[PDB]
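>>> these are from a larger complex, still in place; more later:
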Amino acid sequence: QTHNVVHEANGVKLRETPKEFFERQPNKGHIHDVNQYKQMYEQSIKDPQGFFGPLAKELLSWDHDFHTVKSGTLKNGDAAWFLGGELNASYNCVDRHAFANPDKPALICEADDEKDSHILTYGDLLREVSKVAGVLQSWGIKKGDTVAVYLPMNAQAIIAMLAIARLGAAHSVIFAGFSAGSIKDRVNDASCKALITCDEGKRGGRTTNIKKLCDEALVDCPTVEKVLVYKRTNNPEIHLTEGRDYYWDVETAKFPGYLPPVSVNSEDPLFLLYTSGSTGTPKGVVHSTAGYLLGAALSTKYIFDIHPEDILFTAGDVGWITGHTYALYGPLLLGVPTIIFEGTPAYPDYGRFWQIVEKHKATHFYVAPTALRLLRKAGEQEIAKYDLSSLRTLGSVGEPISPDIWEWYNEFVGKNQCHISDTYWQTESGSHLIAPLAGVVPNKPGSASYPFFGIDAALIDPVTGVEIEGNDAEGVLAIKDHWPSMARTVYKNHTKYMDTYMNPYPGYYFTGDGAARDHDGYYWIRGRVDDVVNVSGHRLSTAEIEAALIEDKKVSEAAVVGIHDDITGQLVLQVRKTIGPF
């Protein structure tokens, strides 16, 4: 019972799901109890074909059937799922819900300033996506092209991603905080034919330089033929380069409210997302179409317990994977509304999150612990002014959640009435790897709990490289077989992909994290083993900041390390200009 290795586990009482969770859920839970979950998990590991085939058919709409559920091995880095099938991401995210119920809300958009907020129905979303896709189609964008998006977290970002997917092209989303150099790097690696951006952004009430950073970068991006610019502020003084830049409203007005979607293969790339890595310049993680979408829908449904009546508020940015999977694809695939928040938790005050939750009766809230630390320090008193009784599932993402914050999250936001899901995963996994299912798995504060369907977690001894049998163990966290939403390569550098994930421990997937497993099987994430730092949920490379500093001629040598920080979890102008303010 007492753990000599897993010190986190000693004397920690299991936390059962509160009664209010089950009272508030609109329908019967998808899994009755933890024992049914283990039966389903055991099948998803021993019999992936008989487990994932039927779910793929239930949760996704197929234009062509698949003939093989699963192919490939980690060691050969040739994993593939639902081979021979064809589908379209935007059809599954928009069309089929629009045909069923066109007036159902899809994008609940909360602007930096609430006066500018608006809601798009699934019918509205189909017309806007079709028109932007029509613009891209007129420009020669076609299956196989890549299109960059440089937009803040608002409706137009979702529409751009979905419009690119409609044509069979792959979107490459670039966080609005990146510098012109970071834009240049990503656009050139992917050889994007087109870019979608806006004139300016609004964050915390302050104007943001968007188009200007694009122009500075594009002088070195010869592959970009055309740019679509949305008028977020409609500032007249913002310059558009003639013959290359065109206005969103002007061009979409030229095209009809329906455009047929384009079928792609299960294993055609849905998108590229450039993550910072221990070695080298940022690398474009590639995700397939079928496997990624299934992983997104499946995890959204089962870990968060999402039903059609529910509303999900993921306080993330599509510049990162959390927005991709659980702000856009996960919820829309399931046909529920998703809340897209452009602003910050502090503007106009530290009750903004709670105003939104009360306003739209959100049932699920998904945020990074860094925000919880901020609200604990500055905004605790406002929580009580807003009605949060609509929530039943509260999620944590992107970094460890200390047991103290877990309790703060549970009581002050959850009112000790909600289920807390500490979701462990990474950009390369596509979706959740270890997380406690809402309404099924009791919680240990700070523990990611059991691994998800199709995730065969294991601990390896770093020095011997041998998998660690038995519980009460510590080691590098690895997976013993690939899973549907696993990233398939790094764009045009599959060798980097193999050397990073598959080759260090042959037969395994290397998460880059160390973890611990206790006698109950709960996993405790102990953090990166490599030189990758996590600052406020943002993944950074110590090499990239060291490179930015050395770029300055005055610098002889540079060395970067990470330390504990109570607000953010973990020459200055040179690093801001090389990488980004964050």
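Noted; the coordinates are in hand. Residues are numbered from 1 along each chain as shown, chains lettered A, B, ... in the order given.

>>> okay, the most centrally placed residue in chain A and residue A:395: tell me how far apart.
In chain A, the C-alpha nearest the mean C-alpha coordinate belongs to residue A:322, at 2.0 Å (CA atoms, centre = their mean). When distances are taken as CB to CB, to the nearest Å, residue A:322 and residue A:395 turn out to be 10 Å apart. Bear in mind the C-beta positions are built from the backbone N, C-alpha and C, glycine included.

>>> equivalent analysis for residue A:537, please.
In terms of CB to CB, residue A:537 sits 13 Å off from residue A:395.

>>> try residue A:87
From residue A:87 to residue A:395 the distance is 27 Å (CB to CB).

>>> just the helices in the stretch 51-200 of chain A please.
If DSSP state H, counting those that start in this stretch is used as the criterion, the helices of the stretch 51-200 of chain A fall at A:89-90, A:96-100, A:122-138, A:155-166, A:180-190.

>>> reformat those helices as JSON lines; add distance to residue A:109 and mean neighbour count.
Formatted as JSON lines, the helices of the stretch 51-200 of chain A follow (distance: least, CB to CB, whole Å; neighbours: other CB atoms under 10 Å):
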{"stretch": "helix A:89-90", "distance to residue A:109": "18", "mean neighbour count": "28"}
{"stretch": "helix A:96-100", "distance to residue A:109": "17", "mean neighbour count": "17"}
{"stretch": "helix A:122-138", "distance to residue A:109": "11", "mean neighbour count": "23"}
{"stretch": "helix A:155-166", "distance to residue A:109": "5", "mean neighbour count": "28"}
{"stretch": "helix A:180-190", "distance to residue A:109": "24", "mean neighbour count": "21"}
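
>>> let's have these in CSV, adding distance to residue A:354.
Output for these, formatted as CSV (distance: least, CB to CB, whole Å):
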stretch, distance to residue A:354
helix A:89-90, 32
helix A:96-100, 28
helix A:122-138, 26
helix A:155-166, 22
helix A:180-190, 33
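
>>> following sequence is chain B, place it on the structure:
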Amino acid sequence: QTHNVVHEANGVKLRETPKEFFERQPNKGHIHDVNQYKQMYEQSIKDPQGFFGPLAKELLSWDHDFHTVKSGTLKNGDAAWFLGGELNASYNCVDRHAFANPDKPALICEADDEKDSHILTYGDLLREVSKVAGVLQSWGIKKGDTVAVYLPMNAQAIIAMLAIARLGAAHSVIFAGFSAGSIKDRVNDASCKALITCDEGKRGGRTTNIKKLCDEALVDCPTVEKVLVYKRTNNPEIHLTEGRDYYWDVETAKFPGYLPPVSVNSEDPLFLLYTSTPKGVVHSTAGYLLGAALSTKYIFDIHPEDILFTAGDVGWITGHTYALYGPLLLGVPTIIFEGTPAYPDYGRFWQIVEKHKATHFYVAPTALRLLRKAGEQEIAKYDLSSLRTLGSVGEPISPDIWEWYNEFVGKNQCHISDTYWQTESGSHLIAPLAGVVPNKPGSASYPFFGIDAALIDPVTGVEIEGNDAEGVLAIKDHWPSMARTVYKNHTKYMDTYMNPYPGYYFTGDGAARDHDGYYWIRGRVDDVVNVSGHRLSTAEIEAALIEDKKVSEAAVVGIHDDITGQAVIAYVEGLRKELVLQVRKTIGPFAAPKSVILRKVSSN
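Putting chain B onto the chains we already have gives this:
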């Protein structure tokens, strides 16, 4: 019984279909009587899914099934039919019939001079279409491209259109009578990658300059990469530009008689057709084809044994729908007439009908008036007893012309189908079904399947219930063959058809409905601007302004406005307010212009 509004209907006896019609039709009619037609029509309006789904499966061959029969609304201009389905126009018009009976005639071509007439079987058509598609494919034409056609009404025009559709590209057919300026405008708006044409044309025994006008246009058409030139006259003096112009016979000889067709989406554009600044009406693939086949079958009573002679030009919608797509989809021969009704003499139409024993004849009243004036004696010289359905298209047919048509051509033995429709509708909207609907001469009669016809008051925009009424002719829901957009100007599409009377399709015509429900087309309306629900006449404002002695002349136009829908701009601070007050007291308070080629400058 007496009409107080629809004066045309007073004292008009219904004219039953003659017995010789049913004696001559090869099989039992597709609809038994007017009551069965009413049942089918009510379903096509109340239950479009359960009506059109089965017909789409019966009449068309699908490469991929559709999952939704009908989508969209007029007001959002996002109409779509048979979503998720894939098919090919040339496969449904050529391939499937060629496999069934390759020797059945497909294109009965009558040349300007009969010596050059010839017949192509469906097998022949498949080979010629395959070869032209092979030429275009080797040239890089692919799905998404547009290809212009500048050809007279002959086999090569049909072959080009089907070959372009075979690859998934959209053909944009340009009437051979158009000038170089008209060619340039259309080619550049569609950004065509290739052009198919001929060296010279023959009309009325006279040579027409075709390639020369193309060359004149292409100096300003940089998107045109290659031209395919047919040797219609084989004139040695006609020059071909090296590296751009290639001969039809030379290139088609290089490629085989089969080329796989390329599947497209139901809602992929089949073709662009520029209305007579010119705007490119776009038609979908599945919806347009179903409308063409369905109307041809039921309005005209077409069976596999029949032969159709549509005396129209593929430069216009009538040729597209009822000279090519309609009849070929159903697998019947179609007569493609290159020349004029007068050359070599004014009996040419009737010689053709006699020669090929055509059962169906479709012509415009303009031609009927000409032949009445100059060739009436010639009709009796020929055997026309093979005809049973006589169609009128494109303009009103007066009761006198209707009677002349019925007696001198029909011998009082045929059914007459006065077909009302437009380029944007793709196919028939109001027309009397052959053998089913008794007609009133000068009346198109009942609206067709999927066409929910209505009359709206021009001032209020409110639908006029009840019969013995007059108003703007509108449609209450979209239909499969309805045009989907104006090429790269969907705003003009909405402003023209969907915005003037929201929730309706605006035909631009006025009509009247009598106590029996028959519609009487009264012709184009004044096309009144709509500013925030107040409908205004630009002509009335020009007149009110001209009444002012200070005004030299006045010209008023309408443009799109983001707040009020349409805006009125007047071309002619004390005099501007004096003119605005002149318009308010002459016309009305809500008729004052927003401000005082003219449309494009106003729209910037």
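
>>> which SSE is immediately downstream of the host helix or strand of the residue nearest to the centre of chain A?
Here residue A:322 sits within helix A:321-323, counting by DSSP states H and E. As assigned by DSSP H and E, the chain's next helix or strand after helix A:321-323 is helix A:330-333.

>>> who does that next one touch, helix- and strand-wise?
helix A:290-303, strand A:312-314 (3 or more CB pairs under 8 Å, 6 or more residues apart in numbering or on different chains; DSSP states H and E).

>>> let's see that with 10 Å instead.
Packing partners of helix A:330-333 (3 or more CB pairs under 10 Å, 6 or more residues apart in numbering or on different chains; DSSP states H and E): helix A:89-90, helix A:96-100, strand A:105-110, helix A:290-303, strand A:312-314, strand A:338-341, strand A:364-367.

>>> which single residue in the stretch 201-350 of chain A comes nearest to chain B?
residue A:257 (3.1 Å; CB to the nearest CB).

>>> burial measure for that residue, as a count.
By the criterion of other CB atoms under 10 Å in any protein chain shown, residue A:257 has 25 neighbours.

>>> follow-up on the earlier one: who's in contact with the residue nearest to the centre of chain A?
For residue A:322, the contacting residues are A:314-316, A:366-368, A:395, A:397-398, A:423, A:425, A:427, A:537, by CB atoms under 10 Å, 6 or more residues apart in numbering or on different chains.

>>> same thing but at 8 Å, please
By CB atoms under 8 Å, 6 or more residues apart in numbering or on different chains, residue A:322 lies in contact with A:314, A:316, A:366, A:368, A:397-398, A:537.

>>> now the helices for the stretch 301-450 of chain A?
Under DSSP H, counting those that start in this stretch, the stretch 301-450 of chain A gives helices at A:321-323, A:330-333, A:352-360, A:369-378, A:403-408.

>>> can you add chain C next? sequence is:
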Amino acid sequence: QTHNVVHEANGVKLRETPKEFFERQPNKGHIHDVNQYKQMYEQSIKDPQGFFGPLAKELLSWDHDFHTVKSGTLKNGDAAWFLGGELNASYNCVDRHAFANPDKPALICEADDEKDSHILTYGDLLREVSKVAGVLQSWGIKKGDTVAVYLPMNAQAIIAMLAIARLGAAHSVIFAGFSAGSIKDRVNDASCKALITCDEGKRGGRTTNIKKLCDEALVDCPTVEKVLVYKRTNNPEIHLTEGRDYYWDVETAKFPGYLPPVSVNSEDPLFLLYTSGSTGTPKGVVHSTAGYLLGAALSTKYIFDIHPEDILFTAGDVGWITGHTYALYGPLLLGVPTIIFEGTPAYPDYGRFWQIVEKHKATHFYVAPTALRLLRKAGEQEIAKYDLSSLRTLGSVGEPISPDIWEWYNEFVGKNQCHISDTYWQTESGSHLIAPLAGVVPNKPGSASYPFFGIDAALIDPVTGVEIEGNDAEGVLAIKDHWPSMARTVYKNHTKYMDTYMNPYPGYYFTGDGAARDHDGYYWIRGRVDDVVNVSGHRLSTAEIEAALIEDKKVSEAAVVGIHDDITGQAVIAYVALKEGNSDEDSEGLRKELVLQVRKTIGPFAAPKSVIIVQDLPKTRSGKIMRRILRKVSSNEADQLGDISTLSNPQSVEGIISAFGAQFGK
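The block that follows adds chain C to the chains above:
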């Protein structure tokens, strides 16, 4: 019983399949008896829809079903099969078998030197094909493009072909024996966007220049954007042109081991294979996808009696049609291992074929009679060193097999215990046309026997142009309807296709061969009627050789003809007249020069057996050369020239005769 026309058939005892064949056969045979074969054949002729439709569904994996089994006619040149259907060639050859059993051997690669041999499983092949296709995809290769392959007979050539097909593009394979000019001709006609090759080759233990010949040709191939070079010898001295040439290993390392295959239409072109004809320029025969693959699978399965347990050794090169169909597509479609031999039958000794068979326990062996003649002359002693008891089907391809060689093949290789399948067919047929099915059809040595499924064979009278009813006949060999794997066109020259195959005998396919049919219906191939030479199984154009000789400025005129050869079947004799040279000292000096001219223009294998220097070539009143005179003289039929008064230069004939006598053997 006695034949009055078909003398080959007189006094020829039928040879039943040995009993050992069925003992060695792993399962029940695919065909019950010859009567079942006759019934199936009749249905394949009278009811092609009900016969081939079901077989196409059994043997191929379809991405879209077909709606019409068969379309078009020979006379119109618009043949088509399985219309509306979609599939992918590399999926049916690799993916589907890899998913079933990833570890099963697929490519048994035997290198020029056995130390370098290796085996690729179907899983290995899927990853390698996926990676090469990934490189081509990154380079912009897409459905509709053509890609040239210039590689020896080894794994990388197979991988290249399958990777190109995976993307929906058509491969055009160029035999490694071709010179730079022949590469240039083929690459430019097809307008290939990319080329796949290697640095150097190994044959008979000697290094061959491969990339060097590509570089020479590519200076005049402006359509080629990028080249993929495999490191066969990894010789550092081989130069790669910057911006165009990239190494196979470096680029494939950038892309993953799975790439989704691209659906193509049944009638989208699978490949171009440039054949020589009676033209003087090679013509690119085009093959469809569905029909060709079905033909490959069907003939491999039924003519050779291939089961999943079997191992096929086709001793051919993918540079030619035999390698395409029966070294790559046939066996891989059926999911069995296939042996890819890079070297020669003689290196390191004349037992190499048999070493390979014994090493891998091959069950089927497929070779050209030219090789049999070589091993009979030089390597007969080697046979006894090897265990050949794993073989049961022995095939002959590409040229007539004399009854003596048929017996030699039967005794020393087969041990009088195997079935022998003399397969008649050609590049344009895609697959076997007339062949005795293994375990079903009794053999007459030297006879291809009965026509195969879907092949309605006929003999036409050379004089009347009328089909010959009844047996004991001879005439032009023609086919009365098209068949699935028939070539569909000549690339961008459909007129040459029609004039060559479909127009000469309207309503028929013209094989270019003459044949005879005996009282039993067995067909006896009597050889080309269109003056097309076959040297050691290589199809050559005498016109193309004349052109190469004329390129030499010393040459005034050239006339090339074919004669019988005891080693190579047919040999090429070149008669040359020189502009300004009657010098007898130059004699052999310029004869070698001319031979080298042919070697550098076309390739070493096209080199003439002999060059005859003459003062004048015999010509007509119009001035055309009379090649019949040269044929008869070279065949030692000097008599049988007949009246030569019709020549403008009858006196030239005597000089030709004496020139041949004085120069042929020396």
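
>>> in light of the added chain C, please revisit the contacts of residue A:322.
Residue A:322 neighbours (CB under 8 Å, 6+ apart): A:314, A:316, A:366, A:368, A:397-398, A:537.

>>> mind checking how far it is from chain C?
The spacing between residue A:322 and chain C, counted by CB to the nearest CB, to the nearest Å, is 25 Å.

>>> what does residue A:174 give?
22 Å.

>>> not counting sequence-adjacent ones, nearest residue to that residue?
residue A:150 (4.8 Å; CB to CB, 6 or more residues apart in numbering or on different chains).

>>> kindly report the residues of the stretch 451-582 of chain A close to chain C.
Counting by CB under 8 Å from any CB of the partner chain, the stretch 451-582 of chain A comes close to chain C at A:488-489, A:492-495, A:497.

>>> what's the most distant pair in the residues you listed?
Largest separation among these by CB to CB: A:488 and A:495, giving 14.0 Å.

>>> please enumerate the shared neighbours of these two.
In contact with both residue A:488 and residue A:495: no residue, using CB under 8 Å, 6+ apart.

>>> contacts only, for residue A:425.
Neighbouring residues of residue A:425 by CB under 8 Å, 6+ apart: A:321, A:431-435.

>>> now do 7 Å
A:431-433 (CB atoms under 7 Å, 6 or more residues apart in numbering or on different chains).

>>> would you confirm that residue A:551 contacts residue A:577?
No: between residue A:551 and residue A:577 there is no contact under CB atoms under 7 Å: 9.1 Å.

>>> what residues are up against residue A:510?
A:476, A:478, A:501, A:504.

>>> quick check: the third one touching residue A:509?
What it means is residue A:501. Yes: counting by CB under 7 Å, residue A:501 touches residue A:509, with 5.6 Å between them.

>>> the more surrounded of these two?
A count of neighbours by other CB under 10 Å puts residue A:509 above the other of residue A:501 and residue A:509, at 28 against 24.
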